[PDB]
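A single chain comes next, written as structure tokens; it is the form deposited in one PDB entry.
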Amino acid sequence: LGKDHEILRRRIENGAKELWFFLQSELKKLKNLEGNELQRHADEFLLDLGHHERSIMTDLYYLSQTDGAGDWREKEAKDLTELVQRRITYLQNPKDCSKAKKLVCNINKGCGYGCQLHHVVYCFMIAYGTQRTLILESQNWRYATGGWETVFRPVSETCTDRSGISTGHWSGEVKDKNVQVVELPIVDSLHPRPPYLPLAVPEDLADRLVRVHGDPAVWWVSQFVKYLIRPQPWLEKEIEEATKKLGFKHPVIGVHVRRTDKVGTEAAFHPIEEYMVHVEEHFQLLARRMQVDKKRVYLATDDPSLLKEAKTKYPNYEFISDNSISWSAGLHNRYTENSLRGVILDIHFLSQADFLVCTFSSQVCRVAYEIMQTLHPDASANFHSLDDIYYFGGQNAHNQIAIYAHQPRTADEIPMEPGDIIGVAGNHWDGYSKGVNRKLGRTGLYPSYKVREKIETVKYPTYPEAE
């Protein structure tokens, strides 16, 4: 047993006990306050609590690193990524393209870049599950009509041809077993659905992923994002130069403020303050474990007026942003190579940040969070979403398991017993989540701490010939 592990475990324990002592005492006083005295005392209470909570979180961070846990988690996440990229690379590069089984994906989904890239991700995972080489058709891509290879490497070096002695539209892995070339539709219309879909992870990796990562579902998705966005030389250089021209250095927190056409249809308008309270909380947390010279935000937004508002409102922050990129994102110019490369850079710099604050309703932020998983052993928690939890559009049902019983106080709450399967719809970031107790057929609110994530697995191929 390690001395620092044991000291830290006890300090976390004691810090939580003193937090409970503190709460009881202060809440008892609050009960006897009125008017402004109550609001003064409640605000001072919350200030004191935040620092206290962060001390506990900081000690838990240190506990994650003791006794070589940091070096090990890093080495094991490296091996898991090398192994999956090895297998993906093997599947995508057969010797004989003319005889290879293939899956054809068309990039041209009626949506934006994040949605299109996630369509390709979904095609790829199904290609990997069916041992079919992914063929990406990208001519007339609305963002770059020359296609994918305008920015990214081709998804194969040996097999980009879709020819085959037999071709058909997806009808299921069993029916298609002797169809050499299968055309896959968008997940929104896929029938029948195979099991090679999020949020499940490969059976053969599940136990190693749980040791390392707090949301293996995202890690698994992130491996296909990693392979897809391998840059062309010139895109690599453009990112290196942008990194230099902008002052992009750590520590930095990425903020994605999505507006324009999203507002009303798929998400709400969120004022800048809703993002920056979390940014400030997380610089306060970082400052407890490292020197913070200056507070840097990398701001990606499709509102080109925001940067001036943010700078004015938060003068102690250094905002790193390319406002011309933000202009490029207006619908007058969104579907152009100029705008495409802008969102690719914005996503890259969000992904590279130390923490991410955004709306997960936006595919852009999700892509950045997915990529972030490839830059750390476990970045599963390095985010705040103002609205949705992580999801992958088209995923199978995201179920939780109740670990503690719940008795509803209001009719907006659902009851739970341990073992009950809970279909989560969201976390409200207030202590409560929303979902359906599938056992009871009842939908409503439940305390987020009383459930556990249900990791789902699938028997994927293991590509042993890749070793």
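Counting begins at 1, following the sequence as shown. Each form is matched to the other, and the largest set of C-alpha atoms that superpose within 1.5 Å is called the rigid core.
J.: Taking the other PDB entries of this protein that cover both neighbours, check whether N93 lacks coordinates in at least a third of them.
T.: Other entries vs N93: none skip it.
J.: Find out whether the coordinates of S326 are absent in at least a third of the other compared PDB entries of the same protein.
T.: No: coordinates for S326 present in every compared entry.
J.: Read off the CA B-factors in the entry, average them over 332 to 340 and over 171 to 179, and name the higher stretch.
T.: Going by the record's values, the stretch with the higher mean is 171 to 179.
J.: Averaging only over Cα atoms, indicate whether 96 to 104 or 342 to 350 has the higher B-factor in the PDB entry.
T.: Mean B over CA atoms: larger for 96 to 104.
J.: When the CA B-factors of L60, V424, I414, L49 are compared as recorded in the entry, which is the largest?
T.: Of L60, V424, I414, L49, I414 has the highest C-alpha B-factor.
J.: Of the choices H398, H428, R54, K29, which one's C-alpha carries the largest B-factor in the record?
T.: Within the set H398, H428, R54, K29, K29 shows the top C-alpha B-factor.
J.: Could you say whether, by C-alpha temperature factor, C159 belongs to the lowest, middle or highest third of its chain?
T.: Highest third of the chain for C159's C-alpha B-factor.
J.: Looking at the entry's B-factor column for C-alpha atoms only, identify whether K226 ranks in the lowest, middle or highest third of its chain.
T.: Lowest third.
J.: Split the chain's modelled residues into thirds by Cα B-factor; is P447 in the lowest, middle or highest one?
T.: Highest third.
J.: Hey, what third does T312 fall into on Cα B-factor, ranked over its chain?
T.: Highest third, going by the recorded CA B-factors of the chain.
J.: Sorting the chain's modelled residues by C-alpha B-factor, tell me whether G247 ends up in the lowest, middle or highest third.
T.: Highest third, going by the recorded CA B-factors of the chain.
Beyond the structure shown, there is the form deposited in another entry, which is absent from this document and is the topic of what follows.
J.: Where does the C-alpha shift reach 2 Å or more between this form and the one not shown among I239, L197, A310, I325, given a fit on the rigid core?
T.: Just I325.
J.: Using the rigid core as the reference frame, would you say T336 shifts its C-alpha by 2 Å or more between this form and the one not shown?
T.: Yes: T336 shifts by at least 2 Å between this form and the one not shown.
J.: Your call: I186 and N333 CA atoms, closer or farther in the other form versus the shown structure, by 3 Å or more?
T.: Here the pair is closer than in the other form; there, farther apart.
J.: Answer with closer or farther for the CA-CA spacing of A329 and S321 in the other form compared to the shown form; it moves by 3 Å or more.
T.: Farther apart, which means the C-alphas of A329 and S321 are at least 3 Å more distant in the other form.
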